[PDB]
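Below, each chain spelled out in residue letters.
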Amino acid sequence: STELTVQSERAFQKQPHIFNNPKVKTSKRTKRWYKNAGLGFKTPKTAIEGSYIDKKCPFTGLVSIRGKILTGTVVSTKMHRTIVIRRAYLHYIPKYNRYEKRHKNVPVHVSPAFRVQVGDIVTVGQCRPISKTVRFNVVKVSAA
Amino acid sequence: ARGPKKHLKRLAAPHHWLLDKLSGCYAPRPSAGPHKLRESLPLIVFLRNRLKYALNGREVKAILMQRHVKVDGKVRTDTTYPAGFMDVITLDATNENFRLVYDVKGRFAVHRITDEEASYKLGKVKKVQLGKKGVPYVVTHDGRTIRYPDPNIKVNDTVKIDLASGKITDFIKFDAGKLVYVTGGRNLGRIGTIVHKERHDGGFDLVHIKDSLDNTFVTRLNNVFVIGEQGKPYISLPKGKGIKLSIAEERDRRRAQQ
RNA sequence: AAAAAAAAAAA
RNA sequence: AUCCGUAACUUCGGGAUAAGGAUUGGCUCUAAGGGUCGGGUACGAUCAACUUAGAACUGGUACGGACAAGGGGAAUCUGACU
RNA sequence: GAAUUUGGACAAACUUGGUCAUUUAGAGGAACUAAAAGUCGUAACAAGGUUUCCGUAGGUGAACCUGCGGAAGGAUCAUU
RNA sequence: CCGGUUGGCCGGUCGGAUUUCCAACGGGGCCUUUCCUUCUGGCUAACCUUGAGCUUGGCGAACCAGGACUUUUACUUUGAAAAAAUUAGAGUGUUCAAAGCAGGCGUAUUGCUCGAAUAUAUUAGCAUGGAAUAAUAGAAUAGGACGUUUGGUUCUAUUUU
RNA sequence: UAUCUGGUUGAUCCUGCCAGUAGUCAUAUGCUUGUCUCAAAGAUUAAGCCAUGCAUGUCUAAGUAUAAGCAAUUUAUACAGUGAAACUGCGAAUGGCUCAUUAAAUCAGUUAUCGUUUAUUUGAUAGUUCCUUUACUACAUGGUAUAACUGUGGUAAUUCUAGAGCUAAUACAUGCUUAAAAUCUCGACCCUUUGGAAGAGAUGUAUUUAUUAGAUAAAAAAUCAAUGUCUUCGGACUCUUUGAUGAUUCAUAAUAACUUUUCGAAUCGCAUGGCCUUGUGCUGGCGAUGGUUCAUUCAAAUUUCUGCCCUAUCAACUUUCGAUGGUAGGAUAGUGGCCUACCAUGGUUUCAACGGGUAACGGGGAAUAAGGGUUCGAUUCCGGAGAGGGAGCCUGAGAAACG
């Protein structure tokens, strides 16, 4: 987050096929395209107002959430538009008739819509392969 | 591998064909068509193992080559055409008309019918869409594409069809208290007059149904199939009428009528 | 309250 | 000279430029690395240097082009070393 | 429109070294086990004839000796 | 209060079943200070709705639609799903049995007909009821909850003019 | 079918092990062997080598037939029966065999493609293509090869072949023929102000880019910039059209152009019939084949979540030259560090990473069991991988193909 001087890179980052005619003068200083990914998830005013682009965002980016809806807590947010979360769980070993703790560290893509910290509980929704490891995207946060 | 497969072994097909584990290692792989492979009667089996009108696929080839048989009013001179649910067969010789449906055991039954019943059939819509040039069309479970329907028709409805043309004569919508038939699962073969469904936005709309004897169960909208309203169906049913008796009362009935 | 070592194995 | 790779042993400091290999010209380009000034109580203008990395093109596979500039390794006797 | 051709990516295979892993010889050395009516003694089991044992250090042909500290599995459950 | 399963005379049928019954057994609802999420709609539902003993007119879920919202799990019940073959297992003549999924019944002259079940199939994942057990969160430098109210700020906007 | 026994001792009670016992679709072997049924079988060591011979070829009424082949039609003088060879189209990527590799890889169950390709099927589905498109044209329909075969030869030999002479197509290869209307553009000219015009061209589908619609919980008023529907020009105003998904830049449609320009039937059999202004006039059936797009089916590729044996005498691994991520682009059928350029410094790990080993393909399942469990599973089914080891590639829908 932190609004990051949006046009920092070399390419011009914009929403594709969103053409704001300069000939017409209006309010709505720029056209911003967004959506609602269903499942009761609230696309925030921060997304609909902000200037960030994020091709990979589910709200303003040309992707689509489908499949699994998981939950975790954040343990590493050192990357750009990406984080890692720890999905703890138990696992039954029948011989002893009891369990053992386990985990998975899962990398997930985050949008600039959300500001997040380590320890923040979140939920995530599966997307298509974003990268070599990221098959998910952030959809809601549940702490401060 | 390296492409499709075109064989099929015994012990690999469905159990509902009732092919013996003996009699060679193989079984007939259905060719392509409207109906999925895991639910398809095809003709060789329908004739040889159910009806006993033939002993060998050679005899069956002779039959289809002399063009006795048709399906949906079409000859279909292929040994392994996929014959699926609701599927009407007509043998001009013997003036016989069957309609592929299931029994309580999930098995394709031998449901002899009349010609007026052969002259139509039902189709569960699998989608509606806009073809090229603003044309609306639909697609059923039996692969049929159909144009310019009633806009009131939406998904998961059933459509009564002319069977000479591929035109729609009528349709039934999806609502509580509608007569159903099952296509797939542990509860296959039953009929139970829907009580209510549940949405589960994100996948697998479910539905609760209760048979005439108040025996309730739950199934998936992929498996369900609507045929009419409370009481009246739009078609002829076989014996049993989708009740799913228990084995105890079943053997009791056998002992009564032995 | 000097000294006083060893005895094939088997049962 | 740049890059890579570096054994035994060891007083853990070294051995070690270990060993052992690749590259190196010219020309045309690119990139990065700086100073001084300007702002009610994010920048812009100007100035000037040598260093490093990279890409094309080229040549009778040549390029630390002359000069200059270590041969190395395994072991022993011996004296610890300068 | 064939032969042929420039450059590029894929890159088999070979040459040389580098490393890892598995077996394999090796003068000689130092252990272990077994057999043996061998030699030297008799360290241990009784207060085993210096009570045994532990750790440690040194020594000696060999068991083993001795010094310091400890233990009792001691030969003392004990001196109002 | 309601109604289900066992019972129990009765056997009012000829060793099968009823209904009014003493009891137990499990379920649902109501009140006891007990919201046990509601906003907009319609069936208005069961309706003060009463027309003379079956009629003209109560409260939205019991029927859906969409909405604001909506503490998290674990566990457990049920359900689906867990390919067949195999496994246990029902029926059935392989002459028994292993086997197999066939077979049986007639006036056998024309034909009739039962079938080929069922159960388990870890764990993970899906849906559902429960809500004990074990954890988790909440309102304490109250930036806290309700809210008929009272200004206001911002946002969006159909119907019409 | 929840069972124990012998052995340390002079004898005793314990620990504890050795041996014994039972079974094994677990193998080998010795001895023996008369019957019925069913039936595994070069996996273990050498995924080591292989003689020979077989294992994928294929036609109908319905692609091409002067066989200088067979027959006789006798309905036939173009053919018209059968029919080798050869062209063409399909298939040969299925199946079958083995388990060498492979330890989050395979695989199982479970998701997804709003992230993609798909022969064949099945059902639907092109009136728009004459290009100065008023002689430019065959549209009762356009052209060229070339096999097979004739004959000449080469070779020691191969499923080797050349030159020379013909000939066909659903082979190659161009190319026409059908509405009408409506909307746009330009636009002659009449000219007006209210301003209107004749005429020309364009308008299928496919590919590419760009742009637009693809929606909406509720009710009324104030005027205007211009009058818009028609007027009793006061202003009556309605009519207005919008599907799906949980959700899209979805589907679909529309404008502007683009394309070396796709597709839109020069095909075949049987029946041969109706109308007449009786011409080889105009119409006309049942099929096979072929084709764009969509859907379906057969699938395929990637993919979510959870789970795998032994080892710490492997504790730190990855990142030079791709490791984790971001942006853009190339490539892909398509997502994506899959690859490239630039940038940031991240990613995994005592919940055992990384590494090593396996006498390890994984499962479904097998043996043995009171229960719990242990051991096994190359092997009759599913999924993978491989064709002596590696890499590469044409063909095709489909192969990194191995008959």
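In the PDB header, cryo-EM is given as the technique by which the entry was determined, and 3.1 Å as its resolution.

Chemist: Please explain empty space enclosed by the protein as it appears in this structure.
Modeler: One way to see where empty space is left: roll a probe the size of a water molecule over the atoms. Residues and elements named next belong to chain B. Summed over the entire model, instances satisfying the criterion amount to one cavity of 30 Å³ or more. Here the largest cavity is characterised by a volume of approximately 40 Å³. Partitioning the lining of the largest cavity into residue classes produces five nonpolar, two polar and three charged. Counting only domains with at least three residues in the lining of the largest cavity, you end up with domain 1 (1-116) and domain 3 (174-244).

Chemist: Please explain the pairing of strand β6 (residues 121-126) of chain A as it appears in this structure.
Modeler: Moving residue by residue along a regular strand, the side chains alternate between the two faces of the sheet. Residue and element names in this part refer to chain A. Examined bridge by bridge, strand β1 (residues 69-76) and β6 share five bridges and lie antiparallel to one another. Bridge pairing in β6 links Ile 69 to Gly 125. Summarising the sheet, β6 and strand β7 (residues 136-141) pair through five bridges and their orientation is antiparallel. What sits directly across from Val 124, in β7, is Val 138.

Chemist: What's the story with the environment of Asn 222 of chain B in this structure? I'm lost.
Modeler: Residues and elements named next belong to chain B. Secondary-structure assignment places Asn 222 in the loop between β13 (216-220) and β14 (224-229). It is 9.8 Å that separates the C-alpha atoms of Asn 222 and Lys 124, two residues lying 98 residues apart in sequence. Filtering out sequence-adjacent residues up to four positions away, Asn 222 remains in contact with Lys 124, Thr 183 and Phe 204.

Chemist: Looking at this structure, I do not really get the domain arrangement of chain B. What am I missing?
Modeler: Many analyses report the size of an interface as the accessible area lost when the parts associate. Residue and element names in this part refer to chain B. As far as domains go, chain B holds domain 1 (1-116), domain 2 (121-171) and domain 3 (174-244). One C-alpha centre belongs to domain 2, the other to domain 3; they are set 21 Å apart. Taken together, the contact pairs eight residues of domain 2 with ten residues of domain 3. When domain 2 packs against domain 3, the two sides together hide about 750 Å² of surface, and 61% of this comes from carbon and sulfur.

Chemist: Which parts of the structure should I look at to understand the layout of surface pockets?
Modeler: Taken as a whole, the largest pocket holds about 1,000 Å³ of empty space. Counting only domains with at least three residues in the lining of the largest pocket, you end up with domain 1 (1-116) and domain 3 (174-244) of chain B.

Chemist: Explain the sheet that holds strand β3 (residues 96-100) of chain B here, please?
Modeler: Two strands in a sheet stick together by hydrogen bonds in their backbones, pointing the same way (parallel) or opposite ways (antiparallel). All names here are of chain B. An order of β1-β2-β3-β4 is seen for the four strands of this open sheet, with the pairing classed as antiparallel. Among the strands making up the open sheet, the edge pair consists of β1 (69-71) and β4 (112-113). Both β3 and β4 contribute to a ladder of two bridges, which runs antiparallel. Looking at the pairing, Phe 98 lines up with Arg 112 of β4.

Chemist: What is the right way to look at the side chain of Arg 99 of chain B in this model?
Modeler: Residues and elements named next belong to chain B. As for its placement among the helices and strands, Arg 99 is situated in strand β3. Within the local environment of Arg 99, its side chain forms a polar contact with the backbone oxygen of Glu 117, the two atoms lying 3.2 Å apart. When residues no more than four places from it in sequence are discounted, the contact partners of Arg 99 are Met 86, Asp 87, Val 88, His 111, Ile 113, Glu 117, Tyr 120, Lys 121 and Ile 235.

Chemist: Explain helix α1 (residues 43-50) of chain B to me, please; I cannot follow it from the model alone.
Modeler: Each α-helix winds once per 3.6 residues, and so residues spaced three or four apart point in a common direction. Listed in full, the buried residues belonging to α1 of chain B are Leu 43, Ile 44, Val 45, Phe 46 and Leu 47 of chain B. Tucked into the core, α1 of chain B has its buried residues touching α2 (57-65), β1, β2 (87-91) and β3 of chain B.

Chemist: Please explain the environment of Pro 82 of chain B as it appears in this structure.
Modeler: Residues and elements named next belong to chain B. Mapped onto the fold, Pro 82 is located in the loop between β1 and β2. The exposure class of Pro 82 is buried, given its relative accessible area of 0%. Placed 41 residues apart in sequence, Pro 82 and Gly 123 show a C-alpha to C-alpha distance of 16 Å. Once residues within four sequence positions are removed from consideration, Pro 82 is found in contact with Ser 31, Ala 32, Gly 33, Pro 34, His 35, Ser 40 and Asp 87.

Chemist: Would you explain the pairing of strand β4 (residues 98-102) of chain A in this entry?
Modeler: Residue and element names in this part refer to chain A. Burial of β4 is sparse: only zero of the five residues sit out of reach of the surface. Two strands pair when backbone bridges link them, and strand β3 (residues 89-93) and β4 are joined in this way by five bridges, in the antiparallel orientation. The partner of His 91 across the bridge, within β4, is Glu 100. The antiparallel pairing of β3 with β4 creates a hairpin that spans four residues between the two strands, and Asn 97 there sits at a positive phi of about 65°.

Chemist: Explain the sheet that holds strand β8 (residues 158-161) of chain B to me, please; I cannot follow it from the model alone.
Modeler: All names here are of chain B. On the basis of which strands lie adjacent, the open sheet formed by five strands has the order β7-β6-β5-β8-β9 and antiparallel pairing. Each edge of the open sheet carries a strand with a single partner, namely β7 (145-147) and β9 (168-172). Direction aside, neighbouring strands of the sheet carry axes that sit 40° apart on average.

Chemist: Mind showing me how you'd approach the packing of aromatic side chains here?
Modeler: Two measures describe an aromatic ring pair: the distance that separates the ring centres and the angle between the ring planes. Tallied over the full model, the rule gives seven aromatic pairs over all chains. Aromatic side chains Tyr 92 of chain A and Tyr 99 of chain A sit 5.2 Å apart centroid to centroid with 50° between the ring planes, which places their arrangement in the tilted category. Between the aromatic rings of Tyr 102 of chain B and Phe 108 of chain B, the centroid separation amounts to 4.3 Å while the plane-to-plane angle is 40°, which identifies the pairing as tilted. The pair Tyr 102 of chain B / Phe 108 of chain B is uniform in exposure class, with both members buried. Every member of this aromatic cluster is reached through a ring pair, and the members are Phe 85, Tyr 102, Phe 108, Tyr 181 and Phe 225 of chain B. The ring of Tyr 52 of chain A has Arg 32 of chain A lying over it, and the distance from NZ or CZ to the ring centre is 4.7 Å.

Thresholds, definitions, all that
- Residues numbered from 1 in each chain as written, not as in the entry; some residues may be left out.
- Chains lettered and ligands numbered in written order.
- Part of a larger assembly, values for the part shown.
- Heavy atoms only, no water.
- 1 Å grid on protein atoms, 1.4 Å probe; cavity = no way out; pocket = protein on both sides within 12 Å on 5 of 7 lines; lining within 4 Å.
- Points joined across faces, edges and corners; volume = space filled by probe spheres on them.
- Nonpolar A, V, L, I, M, F, W, Y, C, P; charged D, E, K, R; others polar.
- Domains from an automatic or database assignment.
- Pairing = 2+ DSSP bridges.
- Helix = DSSP H or I, 4+ residues; strand = E, 2+ residues; numbered from the N terminus.
- Contact = heavy atoms within 4.5 Å.
- Buried area = accessible area lost by both parts, 1.4 Å probe.
- Polar contact = N/O pair within 3.5 Å; in protein donor to acceptor, adjacent residues only side chain to side chain.
- Buried < 20%, exposed > 50% of the residue type's maximum accessible area, 1.4 Å probe, protein only.
- Axes fitted to C-alpha atoms, helices over the stretch in contact; angles between N-to-C directions.
- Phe/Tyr/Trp six-rings, centres within 6.5 Å; stacked < 30°, edge-to-face > 60°.
- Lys NZ or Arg CZ within 6 Å of the ring centre and 35° of its normal.

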